[PDB]
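Some notes on the structure that comes next.
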Amino acid sequence: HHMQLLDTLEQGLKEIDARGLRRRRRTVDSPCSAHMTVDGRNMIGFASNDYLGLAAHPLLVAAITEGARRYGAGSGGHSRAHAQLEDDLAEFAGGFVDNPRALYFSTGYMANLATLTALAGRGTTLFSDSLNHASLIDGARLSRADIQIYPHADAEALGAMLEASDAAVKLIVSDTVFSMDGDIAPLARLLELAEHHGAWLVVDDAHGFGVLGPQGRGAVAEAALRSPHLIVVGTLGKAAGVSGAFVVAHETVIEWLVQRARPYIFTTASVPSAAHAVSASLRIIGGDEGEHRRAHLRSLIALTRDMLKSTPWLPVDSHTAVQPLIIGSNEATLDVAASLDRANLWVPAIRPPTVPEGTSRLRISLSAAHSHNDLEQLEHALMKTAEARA
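Just so you know, the sequence shown maps onto residues -1 to 74, 81 to 394 in the deposited numbering.
Now the structure itself:
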């Protein structure tokens, strides 16, 4: 190539191919659900975060339809649908303070970016769980705060770090449910530390929202915590089945985010019909149907926990919809995932740097849309694969 940099990319792609690490995106021809048409094939998927099986729900299809007919296609841009959703989210997810507000964002990434750039800065120390999802970490870097990592879920280690720090502003930042492992943060102990040390507690409930707590209100609601130190970031494209994200907190925290977060974080609002559909999804999540779906999800989790132990590989003990199975090397993990693919099962393979070296793993993600027969197929293929490799 006259553009010699293209030759560099071509050789770099060839190296990725030779090593067998070429990533492929699958194209889904049907709505997202347990059963899908994937690259033209009928498959059972364990790859999504559609934990309650709502992404394909006809009520949400109708909500998008009614929302587009009422509010148009694009935001251009704060629609009444966005304002209503913020009211709905404050009532639904803001029970930990008596005067909550919520702010809707296009993506969970932007919600975290707004929160950390507004509340952190030079002179701030941010204390971050060592297993926080990667993009949470990049949001802190831009904020320019001093970042101190604490060992995963270790409140006693974090307490010693808070005690040793003389920073005027301290933020504790943690996922509530850790997306590659399925465990739940020790929120009650973290809040005790936050109140003792006068710190904010920013928690990302992406994987707890809708699936934990009374009416699915989330991990903070499950722990029944009440404190204005709490700032909850959530996403609306996982259990809630649509898209977007939010921050919910004391109204003064929300007003500060509005005044101080970089304006571009608020620009290019999502399509207003999506916000209208999220409001409809909250009515499912918090009603009898959401309770039924969570109960079925809990039964699938119980079954899957046992299935994983019957394989020869290394389960991560999880009581959430995330059921990881650690195979070890990239090569072995990819071979097992490929064997499951030949059984028409789509199970993602996770590799470093997303997980620590030597812990490449399957990420089996359950959905209330899954059936017991789906799990039987997964078990049968896992066990046949284990015999083939033994």
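Ideal Cβ positions, reconstructed from N, Cα and C, are used throughout, including at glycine.
> Any Cβ of chain C within less than 8 Å of the Cβ of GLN327?
Replying inline: You won't find chain C in this structure, because it holds only one protein chain.
> Could you give the distance in angstroms between the alpha-carbon of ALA342 and the alpha-carbon of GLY217?
Replying inline: One-based indexing of the sequence shown puts residue 342 at position 338. One-based indexing of the sequence shown puts residue 217 at position 213. Taking the straight line from one Cα to the other gives about 36 Å.
> Under the rule that 16 or more other beta-carbon atoms within 10 Å means buried, what is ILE14, buried or exposed?
Replying inline: Taking the sequence shown and counting its residues from 1, one reaches residue 14 at position 16. By the 10 Å Cβ count, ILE14 comes out exposed.
> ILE331 to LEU19, Cα distance in whole Å?
Replying inline: Looking up residue 331 in the sequence shown gives position 327. Looking up residue 19 in the sequence shown gives position 21. Approximately 16 Å, taken between the alpha carbons.
> Taking the Cβ atom as the reference point for each residue, do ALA115 and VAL282 lie within a distance shorter than 8 Å?
Replying inline: Locating residue 115 in the sequence shown gives position 111, where the first residue counts as 1. Locating residue 282 in the sequence shown gives position 278, where the first residue counts as 1. Cβ distance not < 8 Å, so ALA115 and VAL282 don't count as in contact.
>> My assumption, with CB atoms under 8 Å, is that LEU175 sits in contact with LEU229. Please give the rounded CB distance.
In response: Numbered from 1 along the sequence shown, position 171 holds the residue referred to as residue 175. Numbered from 1 along the sequence shown, position 225 holds the residue referred to as residue 229. With 8 Å as the limit, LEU175 and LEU229 do not qualify as a contact, their Cβ atoms being about 17 Å apart.
> What runs of the beta strand (DSSP E), each 3 residues or longer, lie entirely inside the segment 199 to 233?
Replying inline: 204 to 208
> Going straight from the alpha carbon of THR180 to that of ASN40, what length do you get?
Replying inline: One-based indexing of the sequence shown puts residue 180 at position 176. One-based indexing of the sequence shown puts residue 40 at position 42. C-alpha separation (whole angstroms): 34 Å.
>> To the nearest angstrom, how far is the alpha carbon of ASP208 from that of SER178?
In response: Locating residue 208 in the sequence shown gives position 204, where the first residue counts as 1. Locating residue 178 in the sequence shown gives position 174, where the first residue counts as 1. Their backbone Cα atoms lie some 6 Å apart in a straight line.
> Could you give the distance in angstroms between the alpha-carbon of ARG266 and the alpha-carbon of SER147?
Replying inline: By one-based count along the sequence shown, residue 266 stands at place 262. By one-based count along the sequence shown, residue 147 stands at place 143. Going by the C-alpha atoms only, they are around 11 Å apart.
>> Given a cut-off of 8 Å on the beta-carbon distance, is the pair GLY99 and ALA172 in contact?
In response: For the purposes of this step, residue 99 is taken as the residue at position 95 of the sequence shown. For the purposes of this step, residue 172 is taken as the residue at position 168 of the sequence shown. Their beta carbons are not under 8 Å apart, which means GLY99 does not touch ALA172 by this criterion.
> Quick one, which of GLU391, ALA390 and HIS374 has its alpha-carbon nearest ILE42's?
Replying inline: Start at 1 with the first residue of the sequence shown, and residue 42 comes out as number 44. It is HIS374.
> Excluding the five sequence neighbours on either side, which residues of its own chain have a C-beta within less than 6 Å of the C-beta of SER31, listed in chain order?
Replying inline: Here residue 31 refers to the residue found at position 33 of the sequence shown. The residues are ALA54 and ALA373.
>> DSSP has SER369 in a bridge; who is on the other side?
In response: To locate residue 369, count along the sequence shown from 1; it is residue 365. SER369 pairs with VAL326.
> Which residues share a DSSP beta bridge with residue 403?
Replying inline: Any question about residue 403 goes unanswered here, given that the chain covers just -1 to 394.
> Which residues mark the beginning and the end of the beta strand (DSSP E) in which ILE42 is found?
Replying inline: In the sequence shown, residue 42 corresponds to position 44, counting from 1. From DSSP, the beta strand (DSSP E) with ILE42 extends over 39 to 43.
> Comparing alpha-carbon positions, which option in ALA94, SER46 and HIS137 lies nearest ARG105?
Replying inline: Translated into positions along the sequence shown, residue 105 becomes position 101. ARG105 has its Cα closest to that of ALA94, out of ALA94, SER46 and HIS137.
> Contact check, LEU261 vs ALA118 under 8 Å by CB: the rounded distance?
Replying inline: Taking the first residue of the sequence shown as position 1, residue 261 is located at position 257. Taking the first residue of the sequence shown as position 1, residue 118 is located at position 114. Yes, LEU261 and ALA118 are in contact; Cβ-Cβ is about 5 Å, under 8 Å.
> How many angstroms separate the CA atom of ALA278 from the CA atom of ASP48?
Replying inline: What you label residue 278 is simply residue 274 of the sequence shown in a count that begins at 1. What you label residue 48 is simply residue 50 of the sequence shown in a count that begins at 1. Straight-line Cα distance between these residues: approximately 16 Å.
> Excluding five sequence neighbours on each side, which residues of the same chain lie with their C-beta closer than 6 Å to the C-beta of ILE62?
Replying inline: By one-based count along the sequence shown, residue 62 stands at place 64. Answer for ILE62: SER277 and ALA281, listed in chain order.
> DSSP on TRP350, reduced to helix/strand/coil?
Replying inline: Here residue 350 refers to the residue found at position 346 when the sequence shown is read from its first residue. Note: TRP350 maps to strand in three-state DSSP.
> With distances taken from CA atoms, which of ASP170, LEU197 and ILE288 is nearest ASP158?
Replying inline: Here residue 158 is taken as the residue at index 154 of the sequence shown, counted from 1. That would be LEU197, whose Cα lies nearest to the Cα of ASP158.
>> Which residue wins for smallest C-alpha separation from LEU107, given the options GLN88, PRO190 and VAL101?
In response: Locating residue 107 in the sequence shown gives position 103, counting from the first residue. The option with the nearest alpha carbon to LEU107 is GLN88.
> Between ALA336 and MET387, what straight-line distance do the alpha-carbon atoms span, to the nearest angstrom?
Replying inline: On the sequence shown, residue 336 is found 332 positions in, with the first residue counted as 1. On the sequence shown, residue 387 is found 383 positions in, with the first residue counted as 1. Looking at the two C-alpha atoms, the distance is approximately 15 Å.
> Around the C-beta of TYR268, are 16 or more other C-beta atoms found within 10 angstroms, so that it is buried, or is it exposed?
Replying inline: Counting from one through the sequence shown, the residue named residue 268 turns up at place 264. Exposed, because fewer than 16 other Cβ atoms sit within 10 Å of the Cβ of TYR268.
> How many angstroms separate the CA atom of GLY38 from the CA atom of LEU286?
Replying inline: As a first step, residue 38 is located in the sequence shown; it is residue number 40 there, counting from the start. As a first step, residue 286 is located in the sequence shown; it is residue number 282 there, counting from the start. Using only the alpha carbons, I get a separation of about 33 Å.
> Is the beta carbon of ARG298 less than 8 Å from the beta carbon of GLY220?
Replying inline: As a position in the sequence shown, residue 298 is number 294, starting the count at 1. As a position in the sequence shown, residue 220 is number 216, starting the count at 1. Contact flag set, yes.
> For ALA273, which residues of its own chain have a beta-carbon under 6 Å away from its beta-carbon, when the five flanking residues on both sides are left out?
Replying inline: Here residue 273 is taken as the residue at index 269 of the sequence shown, counted from 1. Closer than 6 Å at the Cβ level, and outside the excluded window around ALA273, lie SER73 and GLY81.
> Under a three-way DSSP split, which group does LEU19 fall into?
Replying inline: Here residue 19 refers to the residue found at position 21 of the sequence shown. In this structure, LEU19 counts as coil in the three-state DSSP scheme.
> Taking Cβ to Cβ, would you say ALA325 is nearer than 8 Å to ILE305?
Replying inline: Mapped onto the sequence shown, residue 325 falls at position 321. Mapped onto the sequence shown, residue 305 falls at position 301. Yes. Within cutoff.
>> Do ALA45 and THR358 count as a contact pair if the criterion is CB distance below 8 Å?
In response: By one-based count along the sequence shown, residue 358 stands at place 354. By one-based count along the sequence shown, residue 45 stands at place 47. The beta carbons of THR358 and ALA45 sit no closer together than 8 Å.
>> For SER369 and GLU259, what's the separation of their Cα atoms in angstroms?
In response: Locating residue 369 in the sequence shown gives position 365, where the first residue counts as 1. Locating residue 259 in the sequence shown gives position 255, where the first residue counts as 1. Going from the Cα of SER369 to the Cα of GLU259 covers about 36 Å.
> Leaving out the 5 sequence neighbours to the left and right, which residues in its chain are closer than 7 Å to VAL320 when beta-carbon positions are compared?
Replying inline: Locating residue 320 in the sequence shown gives position 316, where the first residue counts as 1. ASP185, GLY186, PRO328 and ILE330, listed in sequence order.
> Straight-line CA distance for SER371 to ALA168?
Replying inline: As a position in the sequence shown, residue 371 is number 367, starting the count at 1. As a position in the sequence shown, residue 168 is number 164, starting the count at 1. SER371 and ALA168: Cα-Cα distance of roughly 43 Å.
> Around the Cβ of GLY112, are there at least 16 other Cβ atoms within 10 angstroms (buried) or fewer (exposed)?
Replying inline: As a working mapping, residue 112 is identified with position 108 in the sequence shown. Buried, since its Cβ has 16 or more Cβ neighbours within 10 Å.
> What is the DSSP secondary structure of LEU52, reduced to helix, strand or coil?
Replying inline: Position 54 of the sequence shown, counting from 1, holds the residue named residue 52. Residue state, collapsed to three classes: coil.
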